[PDB]
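> Supplied structure: start31.txt, compact mmCIF, C-alpha atoms and all ligand atoms.
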# COMPACT_ATOMS: atom_id res chain seq x y z
CA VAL A 44 -56.41 61.27 -126.94
CA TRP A 45 -54.06 62.14 -124.07
CA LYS A 46 -50.51 61.71 -122.69
CA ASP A 47 -48.97 60.80 -119.34
CA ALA A 48 -48.06 63.94 -117.41
CA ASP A 49 -47.58 65.37 -113.94
CA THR A 50 -49.35 68.44 -112.59
CA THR A 51 -50.49 69.96 -109.31
CA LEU A 52 -53.75 68.41 -108.13
CA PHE A 53 -56.24 69.98 -105.78
CA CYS A 54 -58.15 68.21 -103.01
CA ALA A 55 -61.87 67.97 -102.37
CA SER A 56 -63.79 66.62 -99.37
CA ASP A 57 -67.00 66.75 -97.33
CA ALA A 58 -65.36 68.42 -94.33
CA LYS A 59 -67.74 70.15 -91.93
CA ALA A 60 -66.97 73.83 -91.37
CA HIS A 61 -68.30 73.65 -87.79
CA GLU A 62 -66.15 70.69 -86.70
CA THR A 63 -63.10 71.18 -84.48
CA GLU A 64 -61.59 67.86 -85.59
CA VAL A 65 -58.26 68.71 -87.19
CA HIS A 66 -58.73 66.92 -90.52
CA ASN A 67 -62.04 68.76 -91.00
CA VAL A 68 -60.34 72.05 -90.15
CA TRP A 69 -57.50 71.40 -92.59
CA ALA A 70 -59.78 70.30 -95.43
CA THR A 71 -62.14 73.21 -94.80
CA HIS A 72 -59.45 75.72 -95.81
CA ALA A 73 -57.20 73.59 -98.06
CA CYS A 74 -59.77 71.63 -100.10
CA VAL A 75 -62.90 72.56 -102.05
CA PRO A 76 -66.26 70.77 -101.58
CA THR A 77 -66.84 67.58 -103.51
CA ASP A 78 -68.69 67.63 -106.83
CA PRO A 79 -72.27 66.42 -106.24
CA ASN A 80 -72.53 64.74 -109.69
CA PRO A 81 -69.40 62.65 -110.38
CA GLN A 82 -68.52 62.11 -114.05
CA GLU A 83 -66.71 58.80 -114.66
CA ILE A 84 -66.52 57.56 -118.26
CA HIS A 85 -65.49 54.08 -119.34
CA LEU A 86 -62.97 54.25 -122.20
CA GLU A 87 -63.88 51.53 -124.67
CA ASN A 88 -61.29 49.59 -126.69
CA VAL A 89 -58.62 51.36 -124.65
CA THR A 90 -55.59 49.73 -123.01
CA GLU A 91 -53.24 51.78 -120.85
CA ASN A 92 -50.08 51.08 -118.87
CA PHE A 93 -49.84 51.99 -115.19
CA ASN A 94 -46.96 52.01 -112.70
CA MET A 95 -47.91 52.57 -109.07
CA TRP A 96 -44.23 52.77 -108.07
CA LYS A 97 -43.58 55.88 -110.20
CA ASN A 98 -46.80 57.83 -109.54
CA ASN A 99 -46.38 61.52 -108.73
CA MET A 100 -49.79 61.55 -107.05
CA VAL A 101 -48.16 59.62 -104.22
CA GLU A 102 -45.60 62.41 -103.68
CA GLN A 103 -48.39 64.98 -103.71
CA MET A 104 -50.49 63.18 -101.11
CA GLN A 105 -47.42 62.82 -98.88
CA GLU A 106 -46.93 66.60 -99.04
CA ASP A 107 -50.58 67.14 -98.07
CA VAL A 108 -50.42 64.82 -95.08
CA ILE A 109 -47.18 66.41 -93.86
CA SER A 110 -48.84 69.83 -94.09
CA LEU A 111 -51.95 68.56 -92.30
CA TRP A 112 -49.97 67.09 -89.39
CA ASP A 113 -47.70 70.14 -89.13
CA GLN A 114 -50.60 72.55 -88.55
CA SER A 115 -52.80 70.08 -86.58
CA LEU A 116 -50.70 68.25 -83.98
CA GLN A 117 -49.42 70.23 -81.01
CA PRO A 118 -46.54 68.62 -79.12
CA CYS A 119 -45.34 70.35 -75.98
CA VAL A 120 -41.74 69.98 -77.19
CA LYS A 121 -40.31 69.56 -80.70
CA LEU A 122 -36.64 68.60 -81.13
CA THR A 123 -35.55 68.99 -84.75
CA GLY A 124 -32.19 69.84 -86.29
CA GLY A 198 -30.43 70.44 -82.98
CA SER A 199 -33.01 73.02 -81.88
CA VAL A 200 -35.83 72.76 -79.33
CA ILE A 201 -39.26 74.38 -79.73
CA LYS A 202 -41.56 74.54 -76.69
CA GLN A 203 -45.21 75.50 -77.12
CA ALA A 204 -48.69 74.91 -75.74
CA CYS A 205 -50.04 71.39 -76.30
CA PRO A 206 -53.82 71.18 -75.83
CA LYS A 207 -55.53 67.88 -76.51
CA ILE A 208 -57.00 67.80 -80.01
CA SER A 209 -59.87 66.09 -81.79
CA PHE A 210 -58.36 63.70 -84.35
CA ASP A 211 -60.08 61.32 -86.80
CA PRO A 212 -59.16 61.09 -90.50
CA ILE A 213 -61.74 61.88 -93.16
CA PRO A 214 -61.68 60.92 -96.85
CA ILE A 215 -59.76 63.26 -99.17
CA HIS A 216 -60.34 63.23 -102.94
CA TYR A 217 -57.56 64.16 -105.36
CA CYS A 218 -58.62 66.09 -108.46
CA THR A 219 -57.06 67.30 -111.73
CA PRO A 220 -57.13 70.90 -112.99
CA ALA A 221 -58.37 71.83 -116.46
CA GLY A 222 -56.63 70.17 -119.39
CA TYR A 223 -55.79 67.06 -117.33
CA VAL A 224 -57.74 63.99 -116.26
CA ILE A 225 -57.23 60.95 -114.05
CA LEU A 226 -57.22 57.50 -115.62
CA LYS A 227 -58.41 54.68 -113.36
CA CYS A 228 -57.59 51.01 -113.82
CA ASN A 229 -60.60 48.75 -113.25
CA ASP A 230 -58.90 45.37 -113.82
CA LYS A 231 -59.67 43.62 -110.53
CA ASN A 232 -56.46 41.56 -110.32
CA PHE A 233 -54.19 44.41 -111.51
CA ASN A 234 -50.93 44.17 -109.56
CA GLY A 235 -50.02 47.84 -110.01
CA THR A 236 -47.62 47.62 -112.98
CA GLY A 237 -48.32 46.97 -116.63
CA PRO A 238 -51.27 47.18 -119.00
CA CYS A 239 -54.88 47.61 -117.89
CA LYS A 240 -57.64 46.69 -120.33
CA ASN A 241 -60.68 48.14 -118.43
CA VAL A 242 -59.89 51.86 -118.09
CA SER A 243 -62.15 54.78 -117.22
CA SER A 244 -61.54 58.52 -116.83
CA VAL A 245 -62.45 60.41 -113.66
CA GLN A 246 -62.15 63.99 -112.47
CA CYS A 247 -61.26 62.97 -108.88
CA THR A 248 -60.10 59.86 -107.07
CA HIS A 249 -62.26 58.08 -104.52
CA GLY A 250 -62.07 59.37 -100.98
CA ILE A 251 -58.80 58.33 -99.36
CA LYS A 252 -58.34 58.52 -95.60
CA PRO A 253 -54.81 59.72 -94.73
CA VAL A 254 -54.15 57.06 -92.09
CA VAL A 255 -50.54 57.04 -90.91
CA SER A 256 -49.48 53.62 -89.66
CA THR A 257 -46.74 51.02 -89.80
CA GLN A 258 -46.92 47.27 -90.44
CA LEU A 259 -50.70 47.13 -90.98
CA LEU A 260 -52.69 49.22 -93.44
CA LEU A 261 -55.89 50.41 -91.81
CA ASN A 262 -59.22 51.73 -93.02
CA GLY A 263 -58.27 51.44 -96.68
CA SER A 264 -59.94 49.88 -99.70
CA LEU A 265 -59.96 46.14 -100.34
CA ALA A 266 -58.89 44.22 -103.42
CA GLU A 267 -62.06 43.24 -105.25
CA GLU A 268 -61.20 39.64 -106.21
CA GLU A 269 -58.06 37.84 -105.05
CA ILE A 270 -55.41 38.84 -102.54
CA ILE A 271 -52.83 40.89 -104.43
CA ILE A 272 -49.08 41.00 -103.81
CA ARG A 273 -47.55 44.28 -104.96
CA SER A 274 -43.85 45.12 -105.22
CA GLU A 275 -41.69 47.26 -107.49
CA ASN A 276 -39.41 44.21 -107.79
CA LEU A 277 -40.10 40.98 -105.87
CA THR A 278 -36.58 39.69 -106.60
CA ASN A 279 -35.08 42.70 -104.80
CA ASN A 280 -35.51 41.93 -101.10
CA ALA A 281 -34.92 45.58 -100.14
CA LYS A 282 -38.19 46.49 -101.90
CA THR A 283 -41.27 46.60 -99.68
CA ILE A 284 -44.16 44.22 -100.35
CA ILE A 285 -47.73 45.51 -100.10
CA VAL A 286 -50.25 42.73 -99.45
CA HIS A 287 -53.70 43.97 -100.49
CA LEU A 288 -56.39 41.94 -98.73
CA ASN A 289 -59.80 41.07 -100.14
CA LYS A 290 -61.48 40.65 -96.73
CA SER A 291 -61.02 43.21 -93.95
CA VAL A 292 -60.22 42.05 -90.41
CA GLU A 293 -61.13 44.26 -87.49
CA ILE A 294 -58.53 45.28 -84.95
CA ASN A 295 -60.07 46.73 -81.81
CA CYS A 296 -57.64 48.72 -79.65
CA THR A 297 -58.47 50.08 -76.19
CA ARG A 298 -56.82 51.92 -73.32
CA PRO A 299 -59.31 51.02 -70.54
CA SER A 300 -60.61 53.36 -67.86
CA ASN A 301 -59.39 51.16 -64.98
CA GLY A 324 -53.50 51.60 -62.93
CA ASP A 325 -50.99 52.29 -65.72
CA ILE A 326 -52.64 54.92 -67.90
CA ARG A 327 -50.47 54.10 -70.92
CA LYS A 328 -51.22 50.37 -70.93
CA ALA A 329 -53.47 49.33 -73.82
CA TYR A 330 -54.37 46.25 -75.86
CA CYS A 331 -55.69 45.38 -79.32
CA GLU A 332 -58.06 42.44 -79.89
CA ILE A 333 -58.29 40.56 -83.18
CA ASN A 334 -60.54 37.58 -83.95
CA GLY A 335 -57.93 34.86 -84.39
CA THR A 336 -60.31 32.75 -86.45
CA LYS A 337 -60.73 35.36 -89.18
CA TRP A 338 -57.13 36.52 -88.95
CA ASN A 339 -55.30 33.19 -89.21
CA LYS A 340 -57.52 32.26 -92.15
CA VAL A 341 -56.54 35.42 -94.01
CA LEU A 342 -52.90 35.01 -93.02
CA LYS A 343 -53.00 31.44 -94.34
CA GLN A 344 -54.42 32.75 -97.62
CA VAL A 345 -51.69 35.39 -97.67
CA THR A 346 -49.02 32.70 -97.31
CA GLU A 347 -50.62 30.75 -100.16
CA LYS A 348 -50.33 33.81 -102.41
CA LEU A 349 -46.68 34.32 -101.47
CA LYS A 350 -45.93 30.71 -102.43
CA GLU A 351 -47.26 31.40 -105.94
CA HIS A 352 -44.71 34.19 -106.46
CA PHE A 353 -41.78 32.43 -104.72
CA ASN A 354 -41.89 29.05 -106.43
CA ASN A 355 -43.66 27.21 -103.57
CA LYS A 357 -40.85 27.69 -101.05
CA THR A 358 -41.71 27.56 -97.35
CA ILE A 359 -43.16 30.87 -96.12
CA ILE A 360 -42.08 31.88 -92.60
CA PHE A 361 -42.96 35.04 -90.66
CA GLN A 362 -40.50 36.57 -88.19
CA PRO A 363 -40.73 39.67 -85.98
CA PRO A 364 -38.95 42.80 -87.21
CA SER A 365 -35.19 42.39 -86.85
CA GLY A 366 -34.57 45.71 -85.13
CA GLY A 367 -34.90 49.45 -85.41
CA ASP A 368 -36.94 52.07 -83.66
CA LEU A 369 -40.23 51.33 -81.95
CA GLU A 370 -42.30 52.96 -84.69
CA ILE A 371 -40.99 50.19 -86.99
CA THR A 372 -40.71 47.17 -84.70
CA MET A 373 -44.29 47.81 -83.54
CA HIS A 374 -47.59 48.47 -85.27
CA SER A 375 -47.81 52.22 -84.61
CA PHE A 376 -50.88 54.34 -85.35
CA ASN A 377 -52.73 57.33 -83.91
CA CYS A 378 -56.06 56.78 -82.14
CA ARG A 379 -58.04 59.80 -80.96
CA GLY A 380 -54.82 61.86 -80.96
CA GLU A 381 -52.80 59.37 -78.86
CA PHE A 382 -49.80 57.52 -80.30
CA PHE A 383 -50.27 53.75 -79.92
CA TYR A 384 -47.49 51.16 -80.24
CA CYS A 385 -48.67 47.54 -80.43
CA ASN A 386 -46.60 44.35 -80.41
CA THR A 387 -47.62 42.21 -83.37
CA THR A 388 -45.64 39.06 -82.49
CA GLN A 389 -48.82 37.05 -81.90
CA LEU A 390 -50.35 38.28 -85.18
CA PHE A 391 -47.73 36.43 -87.25
CA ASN A 392 -47.64 33.14 -85.32
CA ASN A 393 -46.26 30.55 -87.74
CA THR A 394 -47.83 27.68 -85.80
CA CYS A 395 -51.40 28.75 -86.63
CA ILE A 396 -50.74 28.36 -90.37
CA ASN A 411 -58.93 30.37 -83.03
CA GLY A 412 -59.66 32.45 -79.94
CA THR A 413 -59.25 36.17 -79.49
CA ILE A 414 -55.69 37.37 -80.11
CA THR A 415 -54.71 40.08 -77.62
CA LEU A 416 -51.76 42.31 -78.55
CA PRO A 417 -50.04 44.29 -75.76
CA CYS A 418 -49.88 47.99 -76.54
CA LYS A 419 -48.63 51.22 -75.03
CA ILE A 420 -49.46 54.83 -75.65
CA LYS A 421 -46.24 56.83 -75.93
CA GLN A 422 -45.79 60.54 -75.28
CA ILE A 423 -42.28 60.69 -76.79
CA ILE A 424 -42.19 59.67 -80.45
CA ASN A 425 -39.96 59.78 -83.49
CA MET A 426 -41.78 61.84 -86.10
CA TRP A 427 -42.70 59.85 -89.20
CA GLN A 428 -42.03 62.99 -91.22
CA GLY A 429 -38.35 62.20 -90.50
CA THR A 430 -37.74 65.56 -88.82
CA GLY A 431 -36.86 64.37 -85.30
CA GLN A 432 -38.47 63.75 -81.91
CA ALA A 433 -41.62 65.10 -80.29
CA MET A 434 -43.21 64.94 -76.83
CA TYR A 435 -46.95 65.10 -76.20
CA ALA A 436 -49.02 65.46 -73.06
CA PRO A 437 -50.27 62.40 -71.14
CA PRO A 438 -53.34 60.64 -72.53
CA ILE A 439 -56.89 61.84 -71.98
CA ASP A 440 -59.09 60.40 -69.26
CA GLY A 441 -61.42 57.48 -69.74
CA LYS A 442 -61.97 54.82 -72.35
CA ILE A 443 -59.83 55.39 -75.46
CA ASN A 444 -60.99 53.02 -78.21
CA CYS A 445 -60.39 52.65 -81.96
CA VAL A 446 -61.90 49.89 -84.11
CA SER A 447 -60.14 49.76 -87.48
CA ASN A 448 -60.28 47.44 -90.48
CA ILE A 449 -57.00 45.83 -91.47
CA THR A 450 -56.99 46.06 -95.27
CA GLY A 451 -53.33 45.42 -96.09
CA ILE A 452 -49.98 44.33 -94.75
CA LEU A 453 -46.49 45.72 -95.34
CA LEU A 454 -43.78 43.07 -95.53
CA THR A 455 -40.03 42.96 -96.09
CA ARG A 456 -38.41 39.72 -97.26
CA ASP A 457 -35.15 38.49 -95.74
CA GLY A 458 -32.19 38.47 -98.11
CA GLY A 459 -29.48 35.93 -98.44
CA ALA A 460 -31.87 32.95 -98.37
CA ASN A 461 -31.53 31.79 -101.99
CA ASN A 462 -29.32 29.01 -100.59
CA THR A 463 -32.24 27.63 -98.56
CA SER A 464 -35.71 26.25 -99.29
CA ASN A 465 -37.66 28.90 -97.36
CA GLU A 466 -38.55 32.59 -97.57
CA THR A 467 -38.83 34.68 -94.39
CA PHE A 468 -41.01 37.79 -94.15
CA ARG A 469 -41.04 40.48 -91.47
CA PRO A 470 -43.76 43.08 -90.84
CA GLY A 471 -42.53 46.23 -92.50
CA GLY A 472 -43.30 49.88 -93.17
CA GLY A 473 -41.92 53.25 -92.17
CA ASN A 474 -42.00 54.83 -95.61
CA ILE A 475 -45.49 56.24 -95.16
CA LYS A 476 -45.59 56.92 -98.90
CA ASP A 477 -46.32 53.21 -99.30
CA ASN A 478 -49.56 53.83 -97.38
CA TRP A 479 -50.68 56.29 -100.06
CA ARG A 480 -49.41 54.02 -102.83
CA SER A 481 -51.73 51.27 -101.59
CA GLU A 482 -54.74 53.46 -102.41
CA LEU A 483 -53.44 55.36 -105.44
CA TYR A 484 -52.06 52.38 -107.34
CA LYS A 485 -55.00 52.34 -109.74
CA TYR A 486 -54.83 56.00 -110.81
CA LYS A 487 -52.62 58.08 -113.06
CA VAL A 488 -52.71 61.63 -114.35
CA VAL A 489 -52.69 62.32 -118.09
CA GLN A 490 -52.80 65.55 -120.10
CA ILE A 491 -55.53 65.77 -122.74
CA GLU A 492 -54.36 66.48 -126.29
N1 LIG B 501 -35.11 56.68 -85.20
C1 LIG B 501 -34.87 56.58 -86.67
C2 LIG B 501 -35.80 57.46 -87.58
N2 LIG B 501 -37.14 56.91 -87.85
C3 LIG B 501 -38.34 57.66 -87.97
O1 LIG B 501 -38.25 58.88 -87.84
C4 LIG B 501 -39.72 57.04 -88.22
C5 LIG B 501 -40.10 56.06 -89.13
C6 LIG B 501 -41.50 55.79 -88.99
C7 LIG B 501 -42.03 56.58 -87.96
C8 LIG B 501 -43.48 56.64 -87.46
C9 LIG B 501 -44.52 55.86 -88.02
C10 LIG B 501 -45.84 55.94 -87.57
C11 LIG B 501 -46.19 56.81 -86.54
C12 LIG B 501 -47.62 56.93 -86.02
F1 LIG B 501 -47.73 56.70 -84.71
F2 LIG B 501 -48.16 58.14 -86.21
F3 LIG B 501 -48.45 56.08 -86.62
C13 LIG B 501 -45.14 57.57 -86.00
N3 LIG B 501 -43.84 57.51 -86.43
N4 LIG B 501 -40.93 57.34 -87.51
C14 LIG B 501 -34.91 57.78 -88.84
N5 LIG B 501 -33.79 57.25 -89.28
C15 LIG B 501 -33.37 57.87 -90.50
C16 LIG B 501 -34.16 58.86 -91.03
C17 LIG B 501 -34.04 59.78 -92.24
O2 LIG B 501 -33.51 61.00 -91.84
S1 LIG B 501 -35.49 59.06 -89.91
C1 LIG B 502 -47.05 42.59 -112.26
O1 LIG B 502 -47.41 42.39 -113.63
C2 LIG B 502 -46.33 42.68 -114.53
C3 LIG B 502 -46.89 42.56 -115.93
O2 LIG B 502 -47.70 41.40 -116.07
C4 LIG B 502 -45.16 41.74 -114.27
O3 LIG B 502 -44.07 42.10 -115.11
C5 LIG B 502 -44.72 41.83 -112.81
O4 LIG B 502 -43.72 40.85 -112.53
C6 LIG B 502 -45.91 41.63 -111.88
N1 LIG B 502 -45.52 41.82 -110.49
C7 LIG B 502 -45.92 41.01 -109.50
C8 LIG B 502 -45.42 41.35 -108.13
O5 LIG B 502 -46.65 40.04 -109.71
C1 LIG B 503 -59.54 36.23 -101.32
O1 LIG B 503 -58.51 35.70 -102.20
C2 LIG B 503 -58.21 34.31 -101.98
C3 LIG B 503 -57.04 33.95 -102.86
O2 LIG B 503 -56.06 34.98 -102.88
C4 LIG B 503 -59.46 33.49 -102.29
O3 LIG B 503 -59.17 32.11 -102.10
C5 LIG B 503 -60.59 33.93 -101.38
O4 LIG B 503 -61.79 33.23 -101.72
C6 LIG B 503 -60.85 35.43 -101.51
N1 LIG B 503 -61.85 35.86 -100.55
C7 LIG B 503 -62.91 36.60 -100.86
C8 LIG B 503 -63.83 36.94 -99.72
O5 LIG B 503 -63.13 36.98 -102.01
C1 LIG B 504 -34.85 43.32 -109.56
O1 LIG B 504 -33.99 43.00 -108.44
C2 LIG B 504 -32.89 42.14 -108.76
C3 LIG B 504 -32.16 41.87 -107.46
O2 LIG B 504 -31.76 43.07 -106.81
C4 LIG B 504 -32.00 42.81 -109.80
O3 LIG B 504 -30.94 41.93 -110.18
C5 LIG B 504 -32.82 43.18 -111.03
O4 LIG B 504 -32.02 43.91 -111.94
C6 LIG B 504 -34.03 44.02 -110.64
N1 LIG B 504 -34.85 44.30 -111.81
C7 LIG B 504 -35.07 45.54 -112.25
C8 LIG B 504 -35.94 45.66 -113.46
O5 LIG B 504 -34.60 46.53 -111.68
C1 LIG B 505 -63.88 46.39 -78.67
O1 LIG B 505 -63.35 45.86 -77.45
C2 LIG B 505 -64.02 46.34 -76.27
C3 LIG B 505 -63.31 45.72 -75.09
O2 LIG B 505 -62.19 46.50 -74.70
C4 LIG B 505 -65.51 45.99 -76.31
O3 LIG B 505 -66.17 46.61 -75.22
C5 LIG B 505 -66.15 46.46 -77.61
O4 LIG B 505 -67.48 45.97 -77.68
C6 LIG B 505 -65.35 45.97 -78.81
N1 LIG B 505 -65.91 46.49 -80.04
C7 LIG B 505 -66.07 45.76 -81.14
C8 LIG B 505 -66.67 46.46 -82.33
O5 LIG B 505 -65.75 44.57 -81.19
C1 LIG B 506 -43.02 41.58 -78.50
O1 LIG B 506 -43.37 40.57 -77.54
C2 LIG B 506 -42.42 39.49 -77.46
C3 LIG B 506 -43.00 38.45 -76.54
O2 LIG B 506 -43.82 39.04 -75.54
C4 LIG B 506 -41.08 40.04 -76.98
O3 LIG B 506 -40.14 38.98 -76.90
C5 LIG B 506 -40.60 41.11 -77.95
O4 LIG B 506 -39.41 41.72 -77.45
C6 LIG B 506 -41.66 42.19 -78.13
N1 LIG B 506 -41.24 43.13 -79.16
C7 LIG B 506 -40.97 44.42 -78.93
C8 LIG B 506 -40.55 45.23 -80.12
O5 LIG B 506 -41.05 44.91 -77.80
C1 LIG B 507 -60.71 53.66 -88.68
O1 LIG B 507 -62.08 54.09 -88.96
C2 LIG B 507 -62.95 54.05 -87.81
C3 LIG B 507 -64.34 54.40 -88.29
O2 LIG B 507 -64.38 55.70 -88.86
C4 LIG B 507 -62.42 55.01 -86.75
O3 LIG B 507 -63.23 54.95 -85.59
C5 LIG B 507 -60.99 54.63 -86.39
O4 LIG B 507 -60.44 55.58 -85.49
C6 LIG B 507 -60.11 54.58 -87.64
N1 LIG B 507 -58.76 54.16 -87.31
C7 LIG B 507 -57.69 54.96 -87.42
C8 LIG B 507 -56.38 54.35 -86.99
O5 LIG B 507 -57.78 56.12 -87.83
Could you render the structure as C-alpha cells?


Amino acid sequence: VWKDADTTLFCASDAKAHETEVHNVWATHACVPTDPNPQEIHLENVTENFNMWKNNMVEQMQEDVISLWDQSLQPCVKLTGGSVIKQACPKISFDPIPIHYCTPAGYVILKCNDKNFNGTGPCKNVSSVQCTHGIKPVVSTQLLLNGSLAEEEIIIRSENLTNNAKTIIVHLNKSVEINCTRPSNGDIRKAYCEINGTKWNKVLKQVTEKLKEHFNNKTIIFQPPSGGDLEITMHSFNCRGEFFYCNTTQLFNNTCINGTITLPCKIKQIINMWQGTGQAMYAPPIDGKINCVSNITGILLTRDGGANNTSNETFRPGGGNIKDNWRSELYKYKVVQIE
C-alpha cells in the first residue's frame, strides 16, 4: 500500500575514486556506491498508472546534470547575464558513466515492465525497486545516444500527438552505431560521422511505418530543421570534451524510404550553453585522433503544424529541451510513498 509522491532522491554509481574523468569525480563526492545486492520485487495483481510527462524525477536529474557540468567543464570565457568571466581552461577527461537514482526511507520507486508501454496510462506488470537502472547523462540534440532500447516494438511517445508543439520521442528497438571522428591529418575542426546506411534506412523505414499508425496512414515526410541556433539545427553532442556539431540532412533522406552515410561535422569552440545561461568559449581541440562510437537509441522529432488541410505529415529532427533526454530513460519509473 502506497501513494504517488515527490521527494528528494539520492544518486548511486560505480565511480572510481582514482579517476580524473569528470563524471567519476562528480559521482565520487555527490553519489554513494551502488548496492551490491539489488532488491526488485514484482507486485502481483497490481495495476498502476504512470505519466512520464509529469515525472519529478526528470526535474531532479536535470538539476544533477546542470551541477555536474557547472563544476566539470572549464571554458576560457563565460558570457552570462551581461557579465564576462575569464578563467583557466585546461583540457579535461570527459566520458559519461551510469548514474542510479534512489529513494530515501519511506519511499520506493515503481517500475513499469509492460514492454509496449507508451509512457502514459495503466501498467499491469509493475515491480518495486530501490534504485533505477544506471542512466548515462548524455547531453545531445536530435539523436538520443547510448540509452536503453525499447524491448519489443518501436514506441512513439508524446504528451499529446495532436499538439504539434509537443516533442515526439521515438524509442528504437535496435541500436544503430554512429561513429564520429576528427582525424589526425589540415582543418583541425573538420570532422565526420559514419553510419551504416543499410541498418539506418531500415530502422528509419520502420519508424515511418509506426508514425503512419498514429497519423491515420498519411504520407510521412522528413525535413531538415526549419531554423534556429546551430545546437538545434545540427546533431550536437560532446565527444571527449569537444563540442561536435553534425549535419543530419543525409540521415533523413526521404528517397531511401545502402552504403556508408557520411555526415559533415565541425568541432566548435564557441557554443550556446544548453543550460540556457548564455555563451561559452573553449580552447582549441586536442591533438590526434578524436573518435566517439555511440549507439543511436532514439530520435527527437517535431511535427509541422498547419498541415491538416493536406494528406501528409512532415517531421523535423528536434530537441533542445535536454529534459526530454532524461524523460526517455525515466519514463518507466515513478516515486511513491509507502503507507
Ligand atoms: N541561441 C538561443 C538559445 N539556445 C540554447 O541556449 C541551447 C539549446 C540547446 C543547446 C545545446 C544542446 C546540446 C549541446 C551539446 F553540445 F553539449 F551537446 C550544447 N548546447 N543550447 C536560447 N533561446 C532561448 C532560451 C531561454 O532563455 S536559450
Ligand atoms: C498512450 O496510451 C494512452 C492510454 O492507452 C493513450 O491515451 C495515449 O493516446 C497513448 N499515446 C500515444 C502517443 O500512443
Ligand atoms: C522493431 O519494431 C518493429 C515495429 O515497430 C518490428 O517490425 C521489428 O521487428 C522490431 N525489431 C526488433 C529487432 O525487435
Ligand atoms: C491535445 O492537443 C490539441 C491540439 O493542440 C488540443 O486541442 C487538445 O486539447 C490537447 N489535449 C489535451 C488533453 O490537452
Ligand atoms: C570508426 O571509423 C573509423 C574511421 O574514421 C575507423 O577507423 C574505425 O574502425 C570505426 N570504428 C567502428 C567501431 O566502426
Ligand atoms: C546541411 O547540409 C545541407 C547540404 O549540404 C545544407 O544545404 C544545409 O544548409 C546544412 N545545414 C546546416 C544547418 O548547416
Ligand atoms: C557512448 O558510449 C561509448 C562507449 O562507452 C563512448 O565511447 C562514447 O563516447 C559515448 N558517446 C557519448 C556521446 O558520450

> Please report as JSON lines every residue of chain A lying within 9 Å of ligand LIG 505 (chain B), along with the nearest atom pair and their distance in Å (one decimal), using only C-alpha atoms and all ligand atoms.


{"residue": "A:293", "atom": "CA", "partner": "B:LIG505", "partner_atom": "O5", "distance": 7.8}
{"residue": "A:294", "atom": "CA", "partner": "B:LIG505", "partner_atom": "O5", "distance": 8.2}
{"residue": "A:295", "atom": "CA", "partner": "B:LIG505", "partner_atom": "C1", "distance": 4.9}
{"residue": "A:296", "atom": "CA", "partner": "B:LIG505", "partner_atom": "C1", "distance": 6.7}
{"residue": "A:297", "atom": "CA", "partner": "B:LIG505", "partner_atom": "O2", "distance": 5.4}
{"residue": "A:298", "atom": "CA", "partner": "B:LIG505", "partner_atom": "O2", "distance": 7.8}
{"residue": "A:299", "atom": "CA", "partner": "B:LIG505", "partner_atom": "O2", "distance": 6.8}
{"residue": "A:330", "atom": "CA", "partner": "B:LIG505", "partner_atom": "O2", "distance": 7.9}
{"residue": "A:331", "atom": "CA", "partner": "B:LIG505", "partner_atom": "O1", "distance": 7.9}
{"residue": "A:332", "atom": "CA", "partner": "B:LIG505", "partner_atom": "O1", "distance": 6.8}
{"residue": "A:333", "atom": "CA", "partner": "B:LIG505", "partner_atom": "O5", "distance": 8.7}
{"residue": "A:442", "atom": "CA", "partner": "B:LIG505", "partner_atom": "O2", "distance": 8.6}
{"residue": "A:444", "atom": "CA", "partner": "B:LIG505", "partner_atom": "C1", "distance": 7.2}
{"residue": "A:445", "atom": "CA", "partner": "B:LIG505", "partner_atom": "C1", "distance": 7.9}
{"residue": "A:446", "atom": "CA", "partner": "B:LIG505", "partner_atom": "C8", "distance": 6.1}
{"residue": "A:447", "atom": "CA", "partner": "B:LIG505", "partner_atom": "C8", "distance": 8.9}

> Which residue gives the smallest distance to ligand LIG 501 (chain B) among A:301, A:387, A:123, A:464, with only C-alpha atoms and all ligand atoms counted?

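Of A:301, A:387, A:123, A:464, the one nearest ligand LIG 501 (chain B), counting only C-alpha atoms and all ligand atoms, is A:123.
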
> What residues of the protein or nucleic acid chains come within 8 Å of ligand LIG 501 (chain B) when you use only C-alpha atoms and all ligand atoms? Reply as an MDAnalysis selection string.

chainID A and resid 254:257 367:368 370:371 374:377 382:384 424:432 472:475

> Could you give me, as JSON lines, a per-residue list for chain A showing, wherever an atom lies at most 6 Å from an atom of ligand LIG 503 (chain B), the closest pair of atoms and their distance in Å to one decimal, using all atoms listed in the file and sorting by chain then residue number from low to high?


{"residue": "A:268", "atom": "CA", "partner": "B:LIG503", "partner_atom": "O5", "distance": 5.3}
{"residue": "A:269", "atom": "CA", "partner": "B:LIG503", "partner_atom": "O1", "distance": 3.6}
{"residue": "A:270", "atom": "CA", "partner": "B:LIG503", "partner_atom": "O2", "distance": 3.9}
{"residue": "A:289", "atom": "CA", "partner": "B:LIG503", "partner_atom": "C1", "distance": 5.0}
{"residue": "A:290", "atom": "CA", "partner": "B:LIG503", "partner_atom": "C8", "distance": 5.3}
{"residue": "A:344", "atom": "CA", "partner": "B:LIG503", "partner_atom": "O2", "distance": 5.9}
{"residue": "A:348", "atom": "CA", "partner": "B:LIG503", "partner_atom": "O2", "distance": 5.9}

> List the neighbours of residue 89 of chain A out to 10 Å using only C-alpha atoms; skip same-chain residues closer than 3 positions along the sequence, and give me the result as a tab-separated table (two decimals) with C-alpha atoms, keeping the file's coordinate frame.


chain	number	residue	atom	x	y	z
A	85	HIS	CA	-65.49	54.08	-119.34
A	86	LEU	CA	-62.97	54.25	-122.20
A	239	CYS	CA	-54.88	47.61	-117.89
A	240	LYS	CA	-57.64	46.69	-120.33
A	241	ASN	CA	-60.68	48.14	-118.43
A	242	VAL	CA	-59.89	51.86	-118.09
A	243	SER	CA	-62.15	54.78	-117.22

> Within 12 Å of residue 336 of chain A, counting all atoms listed in the file, which residues qualify if same-chain residues fewer than 3 places away don't, as a list in words?

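Here the answer would be residues 292, 293, 332, 333, 339, 340, 341, 342, 343, 390, 395, 396, 411, 412, 413 and 414 of chain A.
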
> Taking 4 positions as the minimum chain separation for residues in the same chain, which residues sit within 7 Å of segment 350-361 of chain A when counting all atoms listed in the file? Answer as a list in words.

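Contacts, with the query itself left out: residues 346, 391, 393, 464, 465, 466, 467, 468 and 469 of chain A.
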
> Between atom CA of residue 363 of chain A and atom CA of residue 283 of chain A, what is the distance, to one decimal in Å?

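Taking atom CA of residue 363 of chain A and atom CA of residue 283 of chain A, their separation equals 15.4 Å.
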